[PDB]
2 protein chains.
Amino acid sequence: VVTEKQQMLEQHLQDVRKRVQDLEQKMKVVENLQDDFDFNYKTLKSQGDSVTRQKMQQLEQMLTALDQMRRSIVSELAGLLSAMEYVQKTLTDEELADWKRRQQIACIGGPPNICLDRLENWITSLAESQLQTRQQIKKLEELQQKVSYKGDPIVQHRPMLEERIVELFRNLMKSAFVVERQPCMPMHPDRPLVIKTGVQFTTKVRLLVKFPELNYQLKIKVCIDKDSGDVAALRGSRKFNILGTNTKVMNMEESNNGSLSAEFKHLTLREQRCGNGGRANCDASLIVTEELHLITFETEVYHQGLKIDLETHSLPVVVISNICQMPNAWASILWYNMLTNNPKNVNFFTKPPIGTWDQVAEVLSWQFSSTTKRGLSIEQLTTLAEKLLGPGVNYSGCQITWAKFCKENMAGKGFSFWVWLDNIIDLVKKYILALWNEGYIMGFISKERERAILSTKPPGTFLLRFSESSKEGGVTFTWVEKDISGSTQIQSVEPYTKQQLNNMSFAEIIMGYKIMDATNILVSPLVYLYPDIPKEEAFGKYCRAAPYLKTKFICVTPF
Amino acid sequence: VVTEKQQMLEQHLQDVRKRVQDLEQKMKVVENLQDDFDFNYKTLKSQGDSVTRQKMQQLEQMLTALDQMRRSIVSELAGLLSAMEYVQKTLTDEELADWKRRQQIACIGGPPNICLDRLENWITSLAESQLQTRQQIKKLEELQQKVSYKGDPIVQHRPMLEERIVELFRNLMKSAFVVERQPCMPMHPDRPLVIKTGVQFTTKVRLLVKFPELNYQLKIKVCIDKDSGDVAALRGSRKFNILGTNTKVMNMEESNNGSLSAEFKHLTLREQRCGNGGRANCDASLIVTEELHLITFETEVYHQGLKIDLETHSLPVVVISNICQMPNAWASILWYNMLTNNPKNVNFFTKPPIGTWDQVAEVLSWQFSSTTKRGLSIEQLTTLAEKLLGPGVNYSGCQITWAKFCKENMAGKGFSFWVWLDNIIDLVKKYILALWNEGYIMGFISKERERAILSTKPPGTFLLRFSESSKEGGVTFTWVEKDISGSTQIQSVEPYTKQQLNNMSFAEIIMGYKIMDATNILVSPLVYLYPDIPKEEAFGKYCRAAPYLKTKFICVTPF
DNA sequence: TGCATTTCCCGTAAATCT
DNA sequence: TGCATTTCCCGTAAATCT
């Protein structure tokens, strides 16, 4: 939806469109008058070799009118240029930069709308206006060549008008070249900006100046680790080469809007080994999953007498060799994008920024709404801020460092916050998908606050939550059944590993768990999912000559 | 252990060794006499320019003696050559060829002893004898150059003696070049002669002529699909290239005997795609797993004035792209090696030979004793010949075709004999390993003959056997418990898939299977493994603040 | 050494051949 | 089309780096 700032932008772009038409009009008038003047002059000389009365006066008067039309045109052109310069900045430095920011956010699972359509229409309109304006300026030049005098408006301003129009266009083209789809392995659509060597990844660029004349004209060359990974910048770092079809012609193929774009598929990265390097300094100068790289795109455009070098790059990418490095790699991409809008700070992790629990929590919810249908409730969310910040009320300004979020292991645990959490999402995906869908799982809640169930709610009322001690990820629940109940003895079984969920699903465990009590009688999977809902309405939906005797496995607690 | 034929061989090789020493002796005598004759002659001429009485007689007599010694040497050399020619054939065409045959057999799991030691000692001894013999022959030549006459034994025979010795040596060197370790992926040690593109494989060659002078002198080049896959032979076939270190210098490294050998590791195959081919005719001219290739080794030896081109090749190899093709690929390697001793018939599967149940059964047992501690009992073996040949008594001359063994699916099944069986072995490996070890599993027995248990043995007596209907492979057992037993109602549960064995082991199923009968009471895992052994002595060996409630899964038949 | 990181390769699933 | 065959790539385990 349009904001007011975009409203004005569209408005101004139209005013510019209008002015250019008016000037085009004014150019036609001055040309015709110049032709009329030229013929009249010719006719007058071709006889002054008897001079018709008043015709000399007409010639002189035509000339004066020409002069004035020229002065006029030249100052309206200058004013237009200044307005193009002002608005172009709004277009490129404000609206386009905003898009790039929201693209970062969309990569890490945030509210999208990274649609380039409006921007492309804006950019193309401005570009057309600039090129037509340059054509009028070129025309003024050829008008001066046919007719000129001492104090000619064209001779004393035109060069500056040309310089300004060319600089504007040149810069507009360069801003227009962007990475529409950031590097991502199609196999891990929710993990853009993380590439594993040997696995195909794809990326796409777009030129927001929609000029049909340029269809199939430009050749885009992509590479990784250019320039800054040749002379000055980072050190100790690994270096890679892109393998696969290195170049790609830009065209209007997909036809959606017929926008100029170039898509690269089947790309692969391979470490460039041997030679001379270092690995000097601390952390071997950043661990593998914290090292950042840039994929660059370059091309040259020769358009209407101008040569313009276009270049753009991806957001920093983390390169891994094995998939087991992805959780950590992702955390890096989260932190980077959550905390900065600089598109090329590869040394970011030398001294990472600190985030607030606010921004960290949002980002965390996104991670869930991406892979699943819904994110995190503040019950599960707030009990998470506790697992990091300890006791308290409200967590807005509470600072979360990179070390706390992922770099170092949690309190007494032998794993990091992010990794434990990523492993959970992977569990909620490979199994328990819809079983997590609606509001089913409490998921995250302290053994403590896991008291406000059977101990306030009738015996039977159970819970659905994750194993806090498990690195790989595991699941569990609630129920009061063992010995002579004192004042409601709350319980949980030992969490089920990813393999343990191959043996029987969770809502199947929940609606197929009797509990063989000391009495030798298998008692019961407690009723009422926490609030007051009998297990059935929620969990019942996911449950299910001489022949071999069909069987089905169950564990159901042994005592 | 030495056979009588090998005894004679060793004997003859020694006789040859002896003769060469005797001739070496005879050469020394003739040389000295020639020197004596030469000096005497010199001395006699240097004065006949008065001649000492009787000295002319001595000179003449020395000459006659020389002549006779020469005739003698020349005929003993000829006889020796004929004996070297006879024995060499026994060495190379009989004993070495036998080794190659038993190497084939060892590849497909048969009784090994493919030790090259004896052969290498035999070959090296003969080679040394031949080279020394050639040196005596060369010497005869330089003796003739210093002293000769009309009718000289050396001039009229020596060229033929040279030709024969060189031909013998040349052929001995060529026979001596062999593939000691056939192409095999170290990852699948029991599957030699089957290579999957992209996976490393290793192979090794040996030169049985143990000459230290040649250490590090020869460079061996390996390749696949040479010559015959350039011009005349097979058609429609795929073609490959060996990637990795293509050449390898031959040396005496491992030092075990210090035998000359060249080992190639880290080799990889890749399909050579594009160009011009065909895939014309039926079966696209043999399916992938029936297509055969040869890996060739070549080198040149320049030794004591001779240039000898050595070449050897592997046994035909089947090339696959995915591991799922290995069962079929192996069957091909089994059939080939079980039925022929031709080392290079790549068109074998155009018209495969027929085997007898005898040879087919042996080979089948081998497949078990390879991967496990023991093969197949005739109970399990004979009940197998029934699954292929139907009813009968004795199966010796019963022909088994390639189609019956593997090419076409079994009777009413949607899979082939070999594949079902290979899948079983893979099951007996990944799980139930020792649980198969001793004599535990009956494994293969008709539902029919699976009557001679509870129905002749007390109720309780169970069985251990494989799923006949399962492609992927599965397992099952015996027990009489359901309703009011009539006259012993024999039973089996639905077989456990490879994944079903991750849920609980077989001897754990067997000693943890109660059977919840209609009476709501889980009854019992029947006692006495078939003969009369209470399940325990055999199967019992493989069985095994606020804490989470430790659990353990069981299926135990639901009725 | 123990650790960080990369390589190997099965087995499954998707892709391409034919 | 449906099939034979090859390619893709995770995830585990072994290997190499440092």
Side-chain angles (χ1 to χ4, degrees), chain A residues 185-189 191 194-202 236-238 240 243-244 265-274 277-291 318-329 407 409 414 423 426 429-430 472 497-499 502, chain B residues 185-189 191 194-202 236-238 240 243-244 265-274 277-291 318-329 407 409 414 423 426 429-430 472 497-499 502:
Chain A
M185 295 180 279
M187 243 282 106
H188 309 265
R191 298 303 190 240
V194 186
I195 310 311
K196 170 193 150 173
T197 57
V199 179
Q200 301 176 29
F201 70 94
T202 97
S237 321
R238 307 171 296 163
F240 304 82
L243 301 180
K265 297 200 275 202
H266 306 292
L267 290 188
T268 249
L269 299 192
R270 161 187 283 166
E271 191 171 19
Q272 181 199 282
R273 211 149 57 176
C274 294
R279 294 171 292 84
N281 290 189
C282 286
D283 224 39
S285 288
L286 307 186
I287 54 182
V288 140
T289 57
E290 284 176 354
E291 176 187 282
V318 173
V319 187
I320 67 179
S321 58
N322 188 284
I323 214 58
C324 65
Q325 294 166 305
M326 195 172 269
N328 285 309
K407 199 172 180 70
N409 291 174
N423 271 323
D426 188 50
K429 176 170 66 87
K430 282 196 195 62
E472 195 58 31
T497 188
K498 290 174 191 169
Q499 288 178 44
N502 283 71
Chain B
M185 295 180 279
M187 243 282 106
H188 309 265
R191 298 303 190 240
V194 186
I195 310 311
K196 170 193 150 173
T197 57
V199 179
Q200 301 176 29
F201 70 94
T202 97
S237 321
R238 307 171 296 163
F240 304 82
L243 301 180
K265 297 200 275 202
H266 306 292
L267 290 188
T268 249
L269 299 192
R270 161 187 283 166
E271 191 171 19
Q272 181 199 282
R273 211 149 57 176
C274 294
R279 294 171 292 84
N281 290 189
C282 286
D283 224 39
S285 288
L286 307 186
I287 54 182
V288 140
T289 57
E290 284 176 354
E291 176 187 282
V318 173
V319 187
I320 67 179
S321 58
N322 188 284
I323 214 58
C324 65
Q325 294 166 305
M326 195 172 269
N328 285 309
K407 199 172 180 70
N409 291 174
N423 271 323
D426 188 50
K429 176 170 66 87
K430 282 196 195 62
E472 195 58 31
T497 188
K498 290 174 191 169
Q499 288 178 44
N502 283 71

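All values below were derived from every heavy atom in this structure, side-chain atoms included, with hydrogens, water molecules and symmetry-related copies excluded. Below, chains carry the letters A, B, ... as their sequence lines are ordered, and counting in each starts from 1.
- In this structure, the side chain to side chain donor-acceptor pair (under 3.5 Å) partners of A:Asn423, at least two apart in sequence or on a different chain, are A:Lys498.
- Of the side-chain N and O atoms in A:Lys265, none sit less than 4.0 angstrom from OP1 or OP2 of D:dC8.
- Taking CE from B:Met185 and OG1 from B:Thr268, the interatomic distance works out to 10.5 Å, rounded to the nearest 0.5 Å.
- With the cut-off at 3.5 Å for both distances, C:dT12 forms no Watson-Crick or G-U wobble pair with D:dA4.
- Residue B:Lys196 places at least one side-chain N or O under 4.0 Å from the OP1 or OP2 atom of C:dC10.
- The distance between atom CE of B:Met187 and atom P of D:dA14, rounded to the nearest whole Å, is 8 Å.
- Comparing B:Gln499 and B:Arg273 by the nucleotide of DNA chain C that holds the closest heavy atom to each, the one mapping nearer the 5' end is B:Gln499.
- Pair check for D:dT1 finds none; no Watson-Crick or G-U wobble contact set falls under 3.5 Å.
- B:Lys498 comes within 4.0 angstrom of no nucleic acid atom, judged by non-hydrogen atoms across all strands.
- When distances are taken from the side chain of A:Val199 to each of C:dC9, C:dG11, D:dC10, the shortest belongs to D:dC10.
- Under the side-chain contact (heavy atoms from CB on, under 4.5 Å) criterion, B:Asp283 pairs with B:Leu286, B:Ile287, B:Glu290, B:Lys407, sequence neighbours left out.
- The partner of C:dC8 cannot be assigned: no Watson-Crick or G-U wobble pair with both contacts below 3.5 Å exists in any strand.
- We find that CZ of B:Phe240 is positioned 11 Å from P of D:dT5, with the value rounded to whole Å.
- The separation between A:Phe201 atom CZ and D:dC10 atom P is 14 Å, rounded to whole Å.
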